[PDB]
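Every residue, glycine as well, gets a Cβ built from its backbone with ideal geometry; the counts of neighbours run over all protein chains shown. Read the figures in this text as sums done on the coordinates, not as results from a lab.
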Number of protein chains: 4
Amino acid sequence: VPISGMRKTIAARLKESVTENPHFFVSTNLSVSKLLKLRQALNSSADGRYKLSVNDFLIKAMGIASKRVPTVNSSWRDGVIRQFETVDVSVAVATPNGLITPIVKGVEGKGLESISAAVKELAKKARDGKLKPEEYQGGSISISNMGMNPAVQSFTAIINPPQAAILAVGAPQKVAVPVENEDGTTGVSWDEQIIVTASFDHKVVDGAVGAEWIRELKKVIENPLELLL
Amino acid sequence: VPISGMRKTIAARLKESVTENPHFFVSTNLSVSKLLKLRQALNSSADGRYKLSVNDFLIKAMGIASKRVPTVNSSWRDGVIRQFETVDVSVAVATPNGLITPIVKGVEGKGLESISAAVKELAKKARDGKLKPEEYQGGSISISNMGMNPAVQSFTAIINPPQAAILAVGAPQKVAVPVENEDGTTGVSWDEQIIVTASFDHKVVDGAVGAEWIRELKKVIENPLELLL
Amino acid sequence: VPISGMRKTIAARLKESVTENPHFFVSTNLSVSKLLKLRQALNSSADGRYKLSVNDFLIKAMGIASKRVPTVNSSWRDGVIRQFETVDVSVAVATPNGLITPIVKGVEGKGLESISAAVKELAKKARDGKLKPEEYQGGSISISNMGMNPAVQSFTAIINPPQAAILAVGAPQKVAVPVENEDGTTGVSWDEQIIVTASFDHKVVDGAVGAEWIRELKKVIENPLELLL
Amino acid sequence: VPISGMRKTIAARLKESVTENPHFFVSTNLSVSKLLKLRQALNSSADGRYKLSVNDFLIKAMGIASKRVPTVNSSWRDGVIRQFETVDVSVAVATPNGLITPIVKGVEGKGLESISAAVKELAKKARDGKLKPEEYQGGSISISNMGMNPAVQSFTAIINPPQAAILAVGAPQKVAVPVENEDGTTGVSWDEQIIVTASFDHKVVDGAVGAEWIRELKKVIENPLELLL
């Protein structure tokens, strides 16, 4: 079967990415038992005006972490580092034509409902093929999601240039965790864990910086009430 | 004692306000038993990096209500209604010199920590007398607080022109509330209530619109989790 | 947005009202636990021929109070007080176009069923925009209702000229009330209260007169059987 | 912001590493419940003359493994494989200036106290910026540590050339492990695990050889008493 020609450009782009930017990966485990309760309660306290998902919370937390550690929200240019202030998030969508990366603008201080609405709109517009180039050309940081497929515990991705970092969220799973009962003996509690994998470019970011970013993300997720901050 | 002259300007301003703009008031009762728990928990889960109050939550809720009902965030000009998009909040501070109204900019989508920091800075700068005119000339909506004084149950205020509405927050109090125990009998529960008084200008806003705004405020407060939205 | 022009007339009218007529307010609390039972029983003892609300009982009580104290049912004219004998009641309706005040004629000695029918007809005709000027130009006394909105405890309004008084009915609420059981000990009973706010013009009416009017209203309500009288 | 120029050299070096040497990763899990007891005992049986950590034990185990499997302690040169005899260990230190790799010489048969002392000296000298080039130019094998940050379950690194391998030690975590009580039933016991990630160069080393190295490391750690051997 001859090649469609469109795949050629994506191949060249990914090749440029891996040959220009070295990659190193970080892998962590989050606890989402409180996040799911929050999502359930917010979905219940509504009149069909909205519907939330885990990706929106993740995007808000990404914005917060990028604001607390601005070195990640950066790029690599001609003998100069371009540092932004706002957070432009590239979300991946898997169409029958392949992959596409619409963008959400000004995430920090935008609202989860607006985020969900924009995401649904862009996703349906991508399934219909009704986008503009500006909507998916740009972005400082990216993300890919596979939570619908429960088998994927973890996976890596590739940095869509000229960005510096990219995220990946596996599926949820059941894990054993200790717990102290009211007495001195320990016990077994079943918490819902997710694996998260972050790929960074090493020219801009270092291991300590990536670790700090991941720590802030984990903290924000594990204490969802800090999303207000 | 002759007059300082500064009071002359404020007298003329308030006279213009009351003679140009008719005033009608709306008085409601909120429930903050969950809000105070939330504030206590966020304060405990910190390293002295921040410290929260009730006024900040109130300001965020004001922004949310103003965005859900933009007719309030309005004004009256020469044969034209000027409608904003963002929410500029005028907070009152009581100096020994008198009263002053610094402004917070872009409340909606800003964050409670940043709000508290800006409010503390502006309050100390007002106590010192180190402000610019632009920092207290403008704003679409205003507020006055008297929560430190436990005697005041409710009170009205006056609309700082050219705005259209202003808020007032009394002190907290203990009130009796019914509650259904596990059995069919009712019981007595002690809830922490606050009275809130909103003054509106009648040229722009109507009773139904003000009531809708207050309903949204009460909803967001009584369900603090919707502050994320 | 330029102004519709219709709002100009209402603004001028309200400005004339507040600048010509000083306003003072009287705020009381009623008890409707018997009224609601009466309404429920009259609704049950019917064949769908009619359907009652709270506003109709309130209007009948307004007529009774006005007849017991005719000084309220008055006005202010060119060097003369015009005093009526019948009670013409101006009921507010909130259309998407704004606010409107249809009139009911000869309330005292008319009947609740006829009152409800006329109010429904006038409300639907106002929603359709099919009224005559005479039907909303006149009236000795006025009223505004917000009972559908449970958030509003109390609120004020403005005197539609050339009248002298206007009413306002908040929402119902649950309040603690003492009660003496069969033994000597007191107990807690939950009564359904409403707050009522009456604005008066001070040229015609005095505080004592307004208080007398409110006392008669409270009496007739708390003893609904006196509606016959 | 322009680039400092120092980052250019590191970026070029890492680009050379990834483009010249392929990378494959091995990931295992260790058990340190005995190691921590040993560390605690040696720390308590002391007079402040020394203080130990996990990194030193890991370095000793690395040396032992390299001596049992010398093929890892190698490099790639001009048409020739250079094989050492001793073990020169490059330890990473994260300064505000960036990253640096001081060296420990002659690890095998040196002593944990001497190791800890030298590492503390070099770390403080790197924080001060008082090093010689020979002290961080050379080395056969490397290591990076992130144990202070409890969020990092695992991570990869990049091979500092001209070396052939590099290690990475995640944080400790609590994991469920079966255990046989005195009776026939199994039970739950909580063991402290660490994840370890090793990146190798495929030109020199094969998967079997790397697996053998990792097996020897795991064995030496899980039986700390063989450190004497």
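Just a few scattered comments:
- For chain C, the longest principal axis of the Cα atoms and the long axis of helix C:33-44 meet at an angle of about 80 degrees.
- If you take all other residues with their beta carbon under 12 Å from the beta carbon of C:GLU108, and give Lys and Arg +1 and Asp and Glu -1, the sum is +3.
- Each principal axis of the Cα atoms in segment D:133-197 has its own extent, and those three values, largest first, are 60, 22, 18 angstrom.
- Counting Cβ atoms of other protein chains within 10 Å of each residue's Cβ and taking the mean over peptide B:22-33 gives 5.
- Nearest beta carbon of chain D to the D-to-C rotation axis, with distance in whole angstrom: D:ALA151, 22.
- Principal axis extents of the Cα atoms in segment A:8-86, from largest to smallest and rounded to whole angstrom, are 51, 32, 28.
- Anisotropy class of segment D:107-156 from Cα gyration tensor, a/c 1.5 cut: prolate
- Its Cα centre serving as origin, the protein assembly as shown has a Cβ charge dipole (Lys and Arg +1, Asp and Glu -1) of approximately 2460 debye.
- Inter-part distance where segment C:151-176 and segment B:178-216 are each reduced to a Cα centre, Å: 15
- Karplus-based coupling profile of segment B:195-208, in residue order and whole Hz: 8, 10, 10, 10, 9, 10, 8, 8, 5, 8, 9, 10, x, 4, with θ = phi - 60° in 6.51 cos²θ - 1.76 cosθ + 1.60 and x standing for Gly or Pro.
- When each of the peptides B:201-210, D:218-227 is scored by how many other beta carbons lie within 10 Å of its residues on average, the order from highest to lowest is B:201-210, D:218-227.
- In loop segments of segment A:106-214 as defined by DSSP, the chymotrypsin sites (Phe, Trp or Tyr not before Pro) with at most 14 further C-beta atoms inside 10 Å of their C-beta are A:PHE155.
- Alpha-carbon spread of segment C:119-229, three principal axes, descending order, Å: 61, 36, 31
- Out of every Cα-Cα pair that chain B contains, those further apart than 30 angstrom amount to 27 percent.
- Acute angle (nearest 10 degrees) that the helix C:112-128 long axis makes with the longest principal axis of chain C, alpha-carbon atoms: 40
- Segment A:1-52 and segment C:19-49 have Cα centres separated by 58 Å.
- Label point 7 Å beyond Cα along the C-beta direction, distances from C:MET148 to other copies (nm, shortest first): 4.1, 4.4, 6.4
- Two-decimal Rg to Rh for the protein assembly as shown - Kirkwood Rh, Cα set: 1.10
- Charge dipole of the protein assembly as shown about the Cα centre (unit charges at C-beta), most positive-ward option of C:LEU229, A:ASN29, C:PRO102: C:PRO102
- Distances in nm from D:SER189 to the matching label points in the other copies, shortest first (labels 7 Å along Cα to Cβ): 2.4, 4.8, 7.0
- Compactness check for segment D:42-96: Cα Rg over 2.2 N^0.38 Å is 1.60.
- Rounded to the nearest 500, the 222 nm mean residue ellipticity of chain B from helices alone is -10500 deg cm²/dmol, with -39,500 (n - 2.57) taken per DSSP H run of at least 4 residues.
- Averaging 1/r over each pair of different alpha-carbon atoms in segment C:60-169 and inverting the result gives 14.8 Å, the Kirkwood hydrodynamic radius.
- Convex hull per residue volume in Å³, alpha carbons only, for segment B:168-229: 134
- Inter-copy separations for A:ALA176, label at 7 Å along Cα-Cβ, nm, ascending: 0.5, 5.2, 5.5
- Here the Kirkwood formula puts the hydrodynamic radius of segment C:1-54 at 16.0 Å, using every distinct Cα pair.
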